[PDB]
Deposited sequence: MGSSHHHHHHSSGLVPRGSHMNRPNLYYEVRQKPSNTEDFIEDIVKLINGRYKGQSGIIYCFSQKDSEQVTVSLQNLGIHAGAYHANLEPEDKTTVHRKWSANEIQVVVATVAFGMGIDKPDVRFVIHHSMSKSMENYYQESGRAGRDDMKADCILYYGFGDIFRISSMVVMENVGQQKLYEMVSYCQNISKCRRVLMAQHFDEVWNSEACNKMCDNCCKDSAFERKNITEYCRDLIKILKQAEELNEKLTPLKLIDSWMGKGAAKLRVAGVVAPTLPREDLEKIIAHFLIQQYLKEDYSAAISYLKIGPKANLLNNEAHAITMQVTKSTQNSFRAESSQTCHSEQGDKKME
């Protein structure tokens, strides 16, 4: 345990340039002149993010496996001399962190598992002073990561465990990392949540989605998470919409969090077309035949 690390989970902005502007707002405001790391999902993201941050005036350097040894030592020296402020790295990192004053490690995408997020965020605050660990959570990142870690052993479970972390809005972050491996003095984003919480019933929200999928399989169709959301919100190809299913009066990112809820509790299940995720009826959809069964998710009152 590292008591000097403040764990925080933010909602990933759906627009790419809105996301980067928010990062630049943090790099220039809160972290002016402080070294940090930005972890990414692939090598292209690390390069794509580095380009944007550099255009906005941030001294950033990409770091992935396909870097030549000459360019790695370059980023090493410059970042260790604080001449480069942030290394926009990939998972090709971690073990060679002789930097004690890492003040923030932002996650442009969620980690493949909680053990990985502990290691990657663990690069922050090695000097035992205060440091922040931001984790930007996006619905789509669940599926571009799942198809890659599904072939690993228990890898899909290790990702849904990472999803539960980002979904949780009340339990302490350090408890959400500790008991996966089985004294946070208000040092995370959920402990400082003074607000109260309600348990919301979203059972018919689940039965409506099963209507959309049963009809889809009767139409010889497979629904990606976007197609399911679009049909839910009364958009997309009209034949996939179910007559009687009302588009909820909630934000899109709130409907994403509900589908990810049904996924990790296995009311829905993932099916693949190799790097393409399709949502299907899950093993726990059976329990919805009891007219009294109910599904709950914690909201803010």
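| Where along the deposited sequence are residues missing from the model? | No C-alpha coordinates exist for 1 to 21, 204 to 209, 329 to 352.
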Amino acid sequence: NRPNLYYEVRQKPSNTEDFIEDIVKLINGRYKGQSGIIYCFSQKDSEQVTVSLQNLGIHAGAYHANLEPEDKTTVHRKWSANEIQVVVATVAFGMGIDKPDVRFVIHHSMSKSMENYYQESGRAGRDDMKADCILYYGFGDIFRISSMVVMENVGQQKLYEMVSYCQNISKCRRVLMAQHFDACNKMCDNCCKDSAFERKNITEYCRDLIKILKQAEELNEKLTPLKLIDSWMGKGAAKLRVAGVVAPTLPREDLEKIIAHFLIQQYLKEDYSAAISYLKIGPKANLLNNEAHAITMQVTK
From here on, numbers count along this sequence of modelled residues.
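Of 72 to 80 and 117 to 125, the stretch whose C-alpha atoms average the higher B-factor in the entry: Stretch with the higher mean C-alpha B-factor: 72 to 80.
* To do: Tell me which of 147 to 155 and 85 to 93 has the higher mean C-alpha B-factor in the deposited entry.
  => On average, C-alpha B-factors are higher across 147 to 155.
For the listed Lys186, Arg103, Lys211, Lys227, which has the peak Cα B-factor recorded in the PDB entry?
Reading the PDB entry, the winner on C-alpha B-factor is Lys186.
Quiz item: Which one of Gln179, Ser170, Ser164, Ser109 shows the biggest C-alpha B-factor in the PDB entry?
Solution: When the deposited C-alpha B-factors of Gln179, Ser170, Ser164, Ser109 are compared, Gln179 is largest.
Which third, lowest, middle or highest, does the C-alpha temperature factor of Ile134 belong to within its own chain? CA B-factor rank for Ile134: lowest third.
* Asked: Can you tell me which third, lowest, middle or highest, the CA B-factor of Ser195 falls into for its chain?
  -> Its C-alpha B-factor, which the entry lists for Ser195, ranks in the highest third among residues of this chain.
Please say which third, lowest, middle or highest, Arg252 falls into when its CA temperature factor is compared across its chain. It belongs to the middle third of the chain when residues are ordered by C-alpha B-factor.
Check where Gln11 lands among this chain's C-alpha B-factors and tell me if it's the lowest, middle or highest third. Lowest third, going by the recorded CA B-factors of the chain.
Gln34 by Cα B-factor - lowest, middle or highest third of the modelled chain:
Its C-alpha B-factor, which the entry lists for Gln34, ranks in the lowest third among residues of this chain.
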